[PDB]
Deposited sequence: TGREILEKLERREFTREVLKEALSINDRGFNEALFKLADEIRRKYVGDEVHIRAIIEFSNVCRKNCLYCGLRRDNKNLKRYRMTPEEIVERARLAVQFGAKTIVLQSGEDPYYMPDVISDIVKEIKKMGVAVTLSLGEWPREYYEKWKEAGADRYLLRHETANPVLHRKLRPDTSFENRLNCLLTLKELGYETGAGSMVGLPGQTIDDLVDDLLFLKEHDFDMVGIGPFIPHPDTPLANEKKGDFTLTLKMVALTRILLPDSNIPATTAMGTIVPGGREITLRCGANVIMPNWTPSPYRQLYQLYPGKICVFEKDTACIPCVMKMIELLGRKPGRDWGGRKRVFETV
């Protein structure tokens, strides 16, 4: 029964069948025990602080054509935007004035900025003594070099799916082979690396998720970003089925059990498909929240998927997460 799989997880007996079983069992008692276990493992290793890492989505211009993503280059209806370096810096400064100690710079793959514009922004943002995390997709090692020289500390590059065939199909411009290489180049260059994948992708199976789990535990990532697949109306997957919240929550919990030292965000996608989804995820293994500091009107134009916090004032949302972290009994 579920008790058997549970004890192997406590003994850290992580094998392909144990995780497949764990992901397969849909008994309410087993699920709730799994989350309680991950909540306790979270509390033990990373404590009660919920890291608040503000993110700025400074460009929705992308060169790739990912089938799931609304920023794919074939999305013609989406209005495109680019923030100026002055706008990104004064925005990060505002986030630091509100208490952010990490600045996450994310965009579609927009060549306009690469690589010297990113370096200048990073150099400026690093003058405030905060960690800078980049999430800019796949670029040459030479580009990763310069950004590390500019003061960059962390890089986010979700592996999306550890199935090479499912990867190539969903991301035509590249492969899991290249994606895995970019991750290894970053760890090699001294970056703190974040991986992760989507749950509920079309054609994704329980075995794929176990592969995602095994891939994660193998490379022992500093950070892991996990979210449900949300179909975008202007994409080749507009009518596929969204990722399941409970199943995605189990991927978070098992990630916490497998990587008890890792920083695991409570992604916005989780709060999008279930009201209060992020709060739930923070109590099942997650210990990071990434408030959106992208200013209007660009924020509504950054549609990886259709989205929360879209009407709230550009500020306003950091005091919201601090309130949320408080009502959860955690610290910021």
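- Annotation: deposited residues 308, 334-347 are not represented by C-alpha coordinates in the model.
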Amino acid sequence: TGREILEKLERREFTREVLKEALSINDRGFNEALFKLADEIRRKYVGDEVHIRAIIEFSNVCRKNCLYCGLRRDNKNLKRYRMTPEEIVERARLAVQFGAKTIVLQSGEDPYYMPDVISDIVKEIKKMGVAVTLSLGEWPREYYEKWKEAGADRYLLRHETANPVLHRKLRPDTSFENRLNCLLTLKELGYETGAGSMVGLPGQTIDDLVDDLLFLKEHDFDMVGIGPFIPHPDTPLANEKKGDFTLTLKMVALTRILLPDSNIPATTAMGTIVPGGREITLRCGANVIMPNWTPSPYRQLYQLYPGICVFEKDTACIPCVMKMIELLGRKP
From here on, numbers count along this sequence of modelled residues.
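Whichever C-alpha set is largest while still superposing within 1.5 Å between the two forms counts as the rigid core.
- Taken in 5 other deposited structures of this protein and fitted on the core, 293-301 and 26-34 differ in how far their Cα atoms move from the shown form, and the one that moves more is 293-301.
- The stretch 201-209 shows the higher mean C-alpha B-factor when 225-233 is compared against 201-209 in the entry.
- The PDB entry records a higher mean C-alpha B factor for 64-72 than for its counterpart among 64-72 and 279-287.
- Among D110, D244, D220, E138, the highest C-alpha B-factor in the deposited entry belongs to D220.
- Comparing the C-alpha B-factors of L189, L216, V96, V252 in the entry, the top value falls on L189.
- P265 sits in the lowest third of its chain by CA B factor, as recorded in the PDB entry.
- In this PDB entry, the Cα temperature factor of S296 sits in the top third of its chain's modelled residues, the highest group.
- Ranked within its chain, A150 lands in the middle third, by CA B factor from the PDB record.
- Ranked against the other modelled residues of its chain, the C-alpha B-factor of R11 as given in the entry falls in the highest third.
- Ranked against the other modelled residues of its chain, the C-alpha B-factor of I25 as given in the entry falls in the middle third.
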